[PDB]
Amino acid sequence: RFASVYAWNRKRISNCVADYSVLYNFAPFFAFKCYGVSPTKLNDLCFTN
Amino acid sequence: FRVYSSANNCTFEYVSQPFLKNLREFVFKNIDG
């Protein structure tokens with residue numbers, strides 16, 4: 001399933017080995033935009049939350 | 001008992017397995033986060 005906009009969900013990912021390679025999730029994305037960070041350099045940067 | 005206080009609002013995750021003439025020595029420190 002998923003959720004609505006008025007009650008959009010928020011999942012906290014703070015303890016994981018991040019396999020940022022979710023490009024398999026329907027690769028033909030209609031909108032794949034990045035703000036504040038570039039597309040691929042994203043995979044090799046650390047963050048708190 | 002099981003619930004210590006009324007509210008408990010945290011989203012941390014750190015699990016491990018049992019840390020279990022029975023001297024159980026422990027040393028606690030907090031440095032460099």
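Residues numbered from 1 in each chain as written, not as in the entry; some residues may be left out. Chains lettered and ligands numbered in written order. Part of a larger assembly, values for the part shown. Heavy atoms only, no water.

## What to know about the overall build of chain B
In terms of regular secondary structure, chain B is built from 0 helices and 0 strands. Dimensions of chain B, computed from C-alpha atoms along their principal axes, come out at roughly 40 × 30 × 20 Å. Looking at chain B residue by residue over its 33 residues, the buried ones come to 0%. (Helix = DSSP H or I, 4+ residues; strand = E, 2+ residues; numbered from the N terminus. Buried < 20%, exposed > 50% of the residue type's maximum accessible area, 1.4 Å probe, protein only.)

## Focus on unusual backbone geometry
Positioned with a positive phi, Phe-26 of chain A is a non-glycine residue whose angle comes to about 55 degrees. Accessibility expressed as a relative area gives 60% for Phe-26 of chain A, which makes it exposed. One non-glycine residue, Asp-32 of chain B, lies in the positive phi region at around 55 degrees. Take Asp-32 of chain B: its relative accessible area is 81%, and that puts it in the exposed class.

## With respect to the packing of aromatic side chains
Residue and element names in this part refer to chain B. Evaluated as defined, the whole model comprises 2 aromatic pairs over all chains. With a centroid separation of 5.9 Å and an interplanar angle of 50 degrees, the aromatic rings of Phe-26 and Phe-28 are classed as tilted. Comparing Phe-26 with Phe-28, the two get one shared label, exposed. (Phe/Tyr/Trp six-rings, centres within 6.5 Å; stacked < 30°, edge-to-face > 60°.)

## A few points about the state of the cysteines
Each disulfide consists of a covalent bond between the sulfur atoms of two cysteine residues. If you walk through the whole model with that rule in mind, you get 0 disulfides over all chains. Considering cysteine sulfurs only, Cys-16 of chain A is the nearest to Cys-10 of chain B, which forms no disulfide, with 18 Å between them. Assessed through its relative accessible area of 75%, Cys-10 of chain B is described here as exposed. (Disulfide = S-S within 2.5 Å.)

## Some words on the environment of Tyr-20 of chain A
Residues and elements named next belong to chain A. Overall, the relative accessible area of 49% leaves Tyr-20 in the partly exposed class. With 18 residues separating them in the primary sequence, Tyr-20 and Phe-2 have C-alpha atoms 21 Å apart. Those residues in contact with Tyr-20 that lie beyond four places of it in its chain are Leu-42 and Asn-43. (Contact = heavy atoms within 4.5 Å.)

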